Amino acid sequence: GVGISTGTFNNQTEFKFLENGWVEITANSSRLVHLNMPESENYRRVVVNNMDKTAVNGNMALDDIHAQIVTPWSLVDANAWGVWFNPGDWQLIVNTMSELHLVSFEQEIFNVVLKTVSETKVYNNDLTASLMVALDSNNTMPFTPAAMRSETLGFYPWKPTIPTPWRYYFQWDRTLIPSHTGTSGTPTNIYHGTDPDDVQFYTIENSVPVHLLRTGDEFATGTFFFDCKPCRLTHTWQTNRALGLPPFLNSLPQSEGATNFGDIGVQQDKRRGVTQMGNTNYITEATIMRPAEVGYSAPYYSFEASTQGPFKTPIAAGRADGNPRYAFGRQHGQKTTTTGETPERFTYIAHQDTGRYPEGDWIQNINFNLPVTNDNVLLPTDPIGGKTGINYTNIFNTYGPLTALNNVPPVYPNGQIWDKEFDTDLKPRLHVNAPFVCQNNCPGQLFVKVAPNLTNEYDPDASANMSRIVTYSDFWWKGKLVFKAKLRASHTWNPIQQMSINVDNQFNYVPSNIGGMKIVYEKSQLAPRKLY
Amino acid sequence: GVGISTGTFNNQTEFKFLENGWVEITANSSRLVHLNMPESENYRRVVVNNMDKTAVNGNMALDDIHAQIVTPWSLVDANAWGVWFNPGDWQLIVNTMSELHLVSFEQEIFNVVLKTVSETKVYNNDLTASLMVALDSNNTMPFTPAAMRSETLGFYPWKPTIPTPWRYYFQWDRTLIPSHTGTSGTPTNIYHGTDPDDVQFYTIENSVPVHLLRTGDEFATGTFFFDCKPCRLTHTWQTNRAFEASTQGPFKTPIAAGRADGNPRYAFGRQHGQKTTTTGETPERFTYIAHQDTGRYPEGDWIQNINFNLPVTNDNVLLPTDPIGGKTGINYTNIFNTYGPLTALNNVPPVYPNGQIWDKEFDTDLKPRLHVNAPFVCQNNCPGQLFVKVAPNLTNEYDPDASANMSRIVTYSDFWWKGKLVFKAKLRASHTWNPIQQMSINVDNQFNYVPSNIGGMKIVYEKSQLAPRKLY
Amino acid sequence: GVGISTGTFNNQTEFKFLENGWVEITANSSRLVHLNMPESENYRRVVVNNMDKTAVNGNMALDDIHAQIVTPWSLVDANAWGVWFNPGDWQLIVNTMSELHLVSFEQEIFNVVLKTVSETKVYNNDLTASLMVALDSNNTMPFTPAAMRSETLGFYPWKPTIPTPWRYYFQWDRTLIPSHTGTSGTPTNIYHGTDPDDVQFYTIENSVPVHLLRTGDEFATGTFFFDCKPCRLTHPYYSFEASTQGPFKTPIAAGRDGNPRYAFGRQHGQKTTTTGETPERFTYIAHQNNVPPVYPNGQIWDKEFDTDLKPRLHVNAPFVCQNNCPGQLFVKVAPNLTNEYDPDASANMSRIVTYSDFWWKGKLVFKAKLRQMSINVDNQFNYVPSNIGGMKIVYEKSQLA
Amino acid sequence: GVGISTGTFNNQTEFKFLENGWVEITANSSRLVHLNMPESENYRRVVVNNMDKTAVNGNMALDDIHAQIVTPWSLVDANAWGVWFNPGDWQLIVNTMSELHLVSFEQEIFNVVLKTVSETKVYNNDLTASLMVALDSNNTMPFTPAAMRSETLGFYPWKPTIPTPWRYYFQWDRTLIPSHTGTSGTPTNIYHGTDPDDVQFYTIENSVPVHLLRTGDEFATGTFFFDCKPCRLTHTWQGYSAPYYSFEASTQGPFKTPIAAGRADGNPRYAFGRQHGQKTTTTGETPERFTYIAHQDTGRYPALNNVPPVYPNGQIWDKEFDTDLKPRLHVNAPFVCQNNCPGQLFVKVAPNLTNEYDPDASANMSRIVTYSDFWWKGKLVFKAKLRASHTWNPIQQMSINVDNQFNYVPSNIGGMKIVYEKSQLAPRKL
C-alpha cells in the first residue's frame, strides 16, 4: 500500500576476500534523486549556432554549432567513480591492489514520493500520480555518458541529487574554413542543414517499455554482467632508453657523490651490439636497437574536420598536451560552500612515462655525419611553412606497428568507469575516456519522467501548451557495482609511492565549520610495474 | 498499511522466579519519541574554544576546548536505570537481591508518524515520508553513552521524550600551561589544530545499513545478549583494621572510590528526575555518598621514618598539616599513591535513576580493571547505538549547485520506541541475627514518589548497595 | 486498511430456551463512544477539602473531603442493567423468570476514528494517530464501579455516549468531631495529610499492557466467565462511623437514603429533552434477603473484598465475583504532538486538539429459570418517544413474585 | 481498501428460454442512491391532526389524523415494476407471456462513498465514517410498502435516486361522526390519545443486526425465494358487487372499503413524481396521474379474478395478513408473500460527531454535515410461460404508434417519461 517502505538505503562497501589473493569489492551507492516535471512534454529539435563568435577570425576552436533533440525525459547516470567509492575506499583500492575488473551492476528505484505545488506555497502529496521509468536494456537509444559534462549523480551520500535532462545529437552539416586574425576576408562559415540520409529521431515511448511506478512499488534492474579486460592500477616507467641490457661499465666509481659518474670503457665506434642504422658504426643508447617503441608522437593541438565541423584529434598519452582537464561543479567535488558559477578544475598529470617531450625530438639526414650541420637536421626551433610558432613536431606522427601503450588511468572522482564500444567494423584499440570498454553490450541507460498531471481545461486541439499541475517527485535510487581485484605483492626491496593524508591535504577530507565538503582528485596508478 | 497499529506499548516489569533462588527480572519500557528534522542536513566540523575564560589565570579547570563532528542524526539511548525501573521496582531489587546479571536487550521503533507544518500553523500528515533508522550492530561508530550528559530517554512512561542530537569527537591538539592568580603573565594557551595521523570522519551512510520507515513500518533490533560478570548489590564494611594533560589538554585523573572527591555528582533535568513543574534552567543535583567503606581518608594519614621511635620528633613524621612545595594549602596526600599488588577494590555501585547500566570496554591492548561510569562492561561487543533522522522532504525549488542550504518542508515525526531489558538476579539470605538496612517510604521522603496538585513528578536517587557483605 | 469495516453493531437480546425450563439470555449492547483528549496528560494528586461548609456546626454529614489521583485515562464501564435491557426485555425477565445466573461477559472496541480540529472549525481526519486502549484482566488497578456515580455507558442504543474520566482514591487522614447548632465553639475539624504506609500510586502504563489502535484495527477482550451465585427474583438508623479517612454512614442491609435513592442524568434515564442541572430521582421501595436488582441504574456485578473475612452481602449489587471480576477497560487518545515540543520546558505539552469516536460492542450472557409488570394508562407514555424525540427509562421493580 | 471497486453495475433484463415453454426472466437493476444525514438521530412520536379541515362539515374524506414514529433510518424499496423493466421489456412480457411466477430477489449495496461538507461549500471525503445498513430478514419491523406513497427507487437507470425516510404507524384512537353541509351542530371530532394495550415502539437497533460499511465494504444480502401462486396476464371477458364509496369507522377514523373489481370506482388512480414517470423537465408540484381502466369485465355497473399489474407504478409483492383468517386477495399487488417476505433494507449514515459533544446537554447533538452515495444492485427473477394462439383472430397487443411515439424516447432538453401500459391484454376463456 501507501505507507510501506520498499527498500533500504545502503552506501557501504564490502571488501570480501576470496582465495588466491582476489578481493570482490561490492560498491553500494544510494541517492535521493529529485525530479521536476519537464519544461515541455513535446520532443523539440534545436540548432545551436554561435556564428557570432566563430565569424571573428581566430575563434575557430570555439565552435559550438550542433543540433540536438531536447527530450522530456531525464537520465540517471551512475557511471563515475565518485558515485561509488569515498576517498578512504579509493585509498584502500589503489594502495593495495594491482588490477581491477568489473563484475556486475544493478539499479533499483524505491520509495517514490510525488508532490504537487499550489499557490505562499502549500505542498500536497498526490498518491495517484506516477513516475514514468524506462530502462534501455537493449541499448537501442543513443548512448550518452553524463560524466563528460559532469552531470552524473552526486558524489556525497547525504546530499540529494538531480538527474540530467536528456538530449542527444541530431544530424547537421557544417563547414568552417579556418582563419587567423589579420586574414584579408571572411571565410565560408555556413550551416548546411541536415542530410536526409542520416536522420535518426528516437523516442523513449516507441523504443522501450515504460513503468508507471506510483508511490507504492519499485523498479529493479537485473544484474548486468560485464566481460571487460582488466584495468591495471600500476604504471610503467620504462622509456625505450630503459629497455634491455644496459652497457657494461668498466670504470666504476670509487667515491660517493653525484660528481663520481661511472664510464663505459670503450669508444663509441668500437662498442659492440645491434643498431638499426646500417651505415653507422656508432653504438649509443640513443641508437642501440630496442624491441619496440613505447608511446608515440602525435600531432598536438591538431584540429580535424568532418561533415559536422572541426574537432580536436585525441591523443592517447600526455607528457601539458594530452593530459585531461576536468571541470566540475558543487555536486561533484567543488567546495559546496563556495559562491559563483565558476567550476573547480584539475589536470590529471598521470605517472606513466608513455608520453613524449616534443622539444627534445629531432630528425636528421640519412648520411649521419656526426656533428650535424645546420642544413642536415630539422629541429623544433625550425618553422614549417614559415610559421615560427609551428615547428615540425606539431605536424608529426610516429604511430606504427611497434607502438605500445597503456590504457588510460582511472580518474577519481569524475572519470568514467565504463564506456560502450563502437559499432564500427574496425574498433579502436582504447577509449581515452574510461578504463573499461563494453565489448558487446553495456548497462542500460535508466530514463525517468513524471507523468502529465493534467488540469480540467485540456483540449488536444488547442495550439497552446497543455496546462499541467505543477508536480515534482523524489525517488531513492540504489546502485550496486561489484568489482574483482588482485592484491599486490612486494617484489622490490624499496617501498612504492602511496596515497596518504598529510599536513597539506588534511582538511580536504573532512567537512568545514558550516559543513562544506570537497573531494580532491587522487592518482589511480601509484605502484610502478615492470614493462620488460 | 497506514491504518493498522504496528506494535504494542508495554512498560511493565516482570519478576519471574526460577529454581534455586534466581529471578529473571524483565523490564519492558516504552516511550513516545519526538524528533524534529536536523538543524542543517549536512555534517559540520565545529571547534569550541573558550580562551576568553581560560586565559584569565587560575581558571585552568574550566577548559572546554574541543572539536566535534555535528551530525544530522539523532541518537536513541536507553542506557540508564530510570528508563527501565520505577522506584518500587528498584526497592524490590535493592531490598531483596544479592547480585544482578545483565542478560539481553532489544528494541523496536513502531507506529511511526510523519507530519508537516504549514503557515498560524496547520498540521498535516505526510503518509509518503519516511523516517531513516540505522542500527550500528557491529559498533563501527564511536560509542557515546548519553547518560554522561543526561540526554537519555525520559524516565517517565507517559511523558514524551526526545533523542539527543548525535556528535562525536574529532582530534585536536592543545596545550594549556597552568597558572595561579598573580602569575607574572599569560601562559601558553593555544589550540594546535589537528594531527593528520589521527583524523577519523565517520558518517552513518557509509558505515551502517539505513532503513527507511514509512508510517506503516517497523524496525525490530534483534535480541542482543550480554556476557558480563555479576554486579554485587551489597557493600563491604571491612577495612584493614578488620589534573593531568595529554595531547587534547587537561583532564582529571579519575578515582575508583571516594570517602569529598571520588563521589560522583549527577546534574540532570526535568526529563531525568528534576521536579517537572520547576522553572528556570538550573539543573537539579545530588552527590552519591555510597555506603562502601573501603575509601581512604587523607586527613588522618601520616608517613614516618624507618627508625620508628614512638613519640615522633618533627623531622621524622610527615603529616597532612605540612606544606609540600611550600604551599600552605597542599600536603603530601595530594601526591600520594598507594596502588600496588595488594590493593583490592569493589566495582562501582548502580546509581538510580541517572547512572549507566553498561559501557563498552576499551579497545586498548591492556584493559582497565573497572569503569567508573557503569557497573557492567561489555567485553567483546555492546548493544548497537540506534540513530534516527527524518529524510529530506524537498521543495520544488531545489538546485544542488546552489551553495545555500537546501529548502525543506518543515517536517517532524513522533514514533514509539519500545525496549525489553532482561536481568538475572539472585535472592538474598539472612546470615546475621540483626536485620539489615532497607529503603522505605517514611514521613520525610513520602511526597517524592507521588505527583503533586499540578501533576509534577520527581524521581529521587536511591542507594543500591544497602546490605552488608563480608570481605574476609 | 482504513476503509474496511471492522465489526458489526448489535443490540439484540436473544432468548434461547434450554432443557428443563432453563433459558439463556444473551444481551448484546452496542454504543458509539465519544472521547476527547485528556484535560492534562500528567497524573495529578488532588485534595478536596470543604471546611467552608462542614465547619458550620451541624454539617457533619456534608463532608466531601478526600484525596484522589486524577488520571488521563477514561473508563468504559457497562456495569449497569440499563446498558443491556430495554424495558420490554426487563418485563419478560421479571414476569417469567424465578432466578437468574450471570454467565459470561465480553467487550470489543471496533471502528475507531481519530479526528483533529483546526480553528470557524474544520474537522480533518488523522489516519496516523492512535487510540490507546488498556485492559486490567488481572485486576491490578483499583475497582471503580461507575454506576454509583451515575457514570456508566448510556442506556439508549441510538444516543452516543462518553466514557467517564477515571480517578481513584489516594489515602488521607481526617478527624471531624461532630457538633450541633448551638455548640459553644468550633469542634476539631482538620486534615492530617497522608500516612506513608498507605501510599499507592498506580499507573495504567506500568501496570497493564496498552494497545495503540490506529483506525483500521480492533480490540477484543477474551470472554470472561463468572462464578457467581444465583440472584432470586422473588420475595441503628443514621449511625455514622469514623474511620481514619473520616465519617461515613454505616450501611443497613434491609429496607423499610434508607431504601436506596438513585440520582441520575439524561444518559441514564432522565427525560432527554428536559433542561437544567437537576437530576431525576427515585427511591426503590422493594417489597421484601439479598438485595434486589434495580433497573436501569443498579449494578450487575461487584468484586468481593480482599479482606480475610468477607461481607455476607453487598448492598449495591446482586452478584458478587468471588475469585475475580471482569477487567476494567481504559481508553486514552494518544498525544498528537506539535512540532514545538521541548520536554525540558516547564509548561504542559502542546497537543493538536484531537478527539475520537469508536464503537463499543458488549455481550452479556445469563441463565434463568422459568417460574406482574404491565403497561397501563398512567405509565403508558414513559416507554415511548415524545414529539421532539424525548426519551426516558423509568425505574422498574425486580422481586415481583 | 478504499481504491478498489467492489462490484459491477448491471441493468440488463435477461430472457433465458427453457423448452416446455418456460422463460426465466432475470431483471437486473442498478441505481446510484443518494442519502443525506437524518434530520435528528432520535425516534419521534408525531401526531398529525387536521381538525381544522375536517371541522368544515362534509370533509370527512379529507381526514388525515394519525400517529407515526418518525425514524432516523431510511428505506431502500424496489417493490415496483418500473424499477426493473423498461417499456420494451414490458412490451415483450405482456405480448408474449401468459402467466408469471416470482422466483427470487437479492440485493447489494456496493461502492460506498462518504463525504463531508464544510462552509462557498467545499466537499471532502471521510474515509473513516461509515454507512449503517440493516436488513430485517425475520420481518420484525412493520411492513412498509413504498409504492402507494410513490416512494420506491427511481425508474430510470441514469438518474440517481434517493431512499425514502422511514416511518411507521403508531396506535391512535379517533372518532369522527359524519355530517353534511347544512348540518346544524358541530359533530363529534376528537382525538383520544392511545390505549396502552396496542403500544409498539419498534427500533431498528434493538430488532435487527446492523453492518457499518465504511468505504471498501459491500453488503450483499441473501437470495430470497418466493412461493406465490401464478399471476396471469390474460383477462376474462365473460363478477361481484359492493357498496359504492362506503366508509367504515374502526377506532382509527374513517377508511374507504376497498373494492376488488373495477368498472368511476374500483379503478386505482395513481399519482407519481418525476422519478416515477412524470415528464422530468416539467416544473411545479402537481403530480401526474392515470386511472388504470383494467380490461377485465368482472365488475358490474350501477375465485374471482386477481388485481392486474400496473406498470410502472404498481407494486410487485405484498405481505400476507397476520390474521387467523386471511383475505382472498390484495387490491394492491398481484403476488402475496404467503408466510415470509423479503427483508426491508434500512440505511443510515452513522453520526460523525464534533469535538464539542456532551451527551447530558439537552440540545440536539452537533454533527458534521455528512452525506453518502452508494450504488444499489438488485436481481429479480421471474418464471413465465409463452402464450399460444388458440383463437383464429389476432389478439390485442402493446405497440408504438404515431400518438404514443414520443412517450418512449427522450426530449431535446433531456426529459424522460414512462407512460403506463395495460398489463392484461390477451382474452382468456372463463
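Before reading further, recall that the structure is shown in the block above.
Residues numbered from 1 in each chain as written, not as in the entry; some residues may be left out. Chains lettered and ligands numbered in written order. Part of a larger assembly, values for the part shown. Heavy atoms only, no water.

### Some details on the overall build of chain A
Piece 1. Looking only at helices and strands, chain A features three helices and 33 strands.
Piece 2. Dimensions along the principal axes, computed over C-alpha positions, put chain A at roughly 95 × 65 × 50 Å.
Piece 3. For chain A, buried positions account for 44% of its 532 residues.
Piece 4. Put simply, chain A shows about 28,600 Å² of open surface, and 52% of that area lies on carbon and sulfur atoms.
Piece 5. With 41 positive and 49 negative side-chain charges, chain A shows a separation of 7 Å between the mean positions of the two kinds. (Helix = DSSP H or I, 4+ residues; strand = E, 2+ residues; numbered from the N terminus. Buried < 20%, exposed > 50% of the residue type's maximum accessible area, 1.4 Å probe, protein only. Areas by Shrake-Rupley, 256 points an atom, 1.4 Å probe, with all protein chains shown as cover. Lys, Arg positive; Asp, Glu negative; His and termini not counted. Charge placed at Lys NZ, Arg CZ, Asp CG, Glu CD.)

### Observations regarding unusual backbone geometry
Piece 1. Here the residue pair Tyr-295 of chain C and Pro-296 of chain C is connected by a cis peptide bond, since its omega of -5° sits within 30 degrees of zero.
Piece 2. Residue placement: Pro-296 of chain C occurs in the loop between β18 (280-283) and β19 (301-303).
Piece 3. Here the residue pair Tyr-311 of chain D and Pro-312 of chain D is connected by a cis peptide bond, since its omega of -5° sits within 30 degrees of zero.
Piece 4. Mapped onto the elements, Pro-312 of chain D comes out in the loop between β19 (310-311) and β20 (317-319).
Piece 5. Although it is not a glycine, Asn-20 of chain B sits at a positive phi angle of roughly 65°.
Piece 6. In this structure, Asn-20 of chain B sits in the loop between β2 (13-17) and β3 (22-36).
Piece 7. For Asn-20 of chain B, a relative accessible area of 66% gives the class exposed.
Piece 8. Positive phi, close to 60°, is recorded for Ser-150 of chain D, a residue that is not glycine.
Piece 9. Positionally, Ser-150 of chain D belongs in the loop between β7 (131-136) and β8 (164-170).

### Some thoughts on the interface of chain D and chain C
Piece 1. Contact residues are listed per partner, giving 49 residues for chain D and 52 residues for chain C.
Piece 2. Our enumeration of links across chain D and chain C arrives at two salt bridges.
Piece 3. The interface formed by chain D and chain C includes 27 residue pairs in polar contact.
Piece 4. Elements that contribute at least two residues to the side of chain D that touches chain C include exactly β3 (44-48), α3 (204-207) and β11 (210-213) of chain D.
Piece 5. For the side of chain D that touches chain C, a count of residues per class yields 23 nonpolar, 15 polar and eleven charged. (Contact = heavy atoms within 4.5 Å. Salt bridge = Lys/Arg side-chain N within 4 Å of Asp/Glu carboxyl O. Polar contact = N/O pair within 3.5 Å; in protein donor to acceptor, adjacent residues only side chain to side chain. Nonpolar A, V, L, I, M, F, W, Y, C, P; charged D, E, K, R; others polar.)

### Details of the state of the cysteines
Disulfides are covalent bonds that connect the sulfur atoms of two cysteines.
Residue and element names in this part refer to chain B.
Piece 1. Considering all chains together, one arrives at four disulfides over all chains under this definition.
Piece 2. Between the sulfur of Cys-378 and that of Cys-382 lies a disulfide, 2.0 Å long from S to S. Between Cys-378 and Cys-382 the sulfur-sulfur dihedral comes to about 60°; the bridge is accordingly right-handed.
Piece 3. When its relative accessible area of 1% is taken as the criterion, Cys-378 is described as buried. (Disulfide = S-S within 2.5 Å.)

### Focus: the nonpolar core
Piece 1. The biggest cluster of nonpolar side chains holds 84 residues, and the ones touching the most others in it are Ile-25, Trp-84, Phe-85 and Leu-131 of chain B together with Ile-204 of chain C.
Piece 2. Sort the elements by how many residues they give to this core and strand β6 (residues 97-118) of chain B lands first, with eight residues.
Piece 3. When neighbours within four sequence positions are excluded, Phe-85 of chain B is seen to be in contact with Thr-13, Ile-25, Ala-27, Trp-90, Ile-93, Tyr-352 and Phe-423 of chain B. (Core = buried A, V, L, I, M, F, W, Y, C linked by side-chain atoms within 4.5 Å.)

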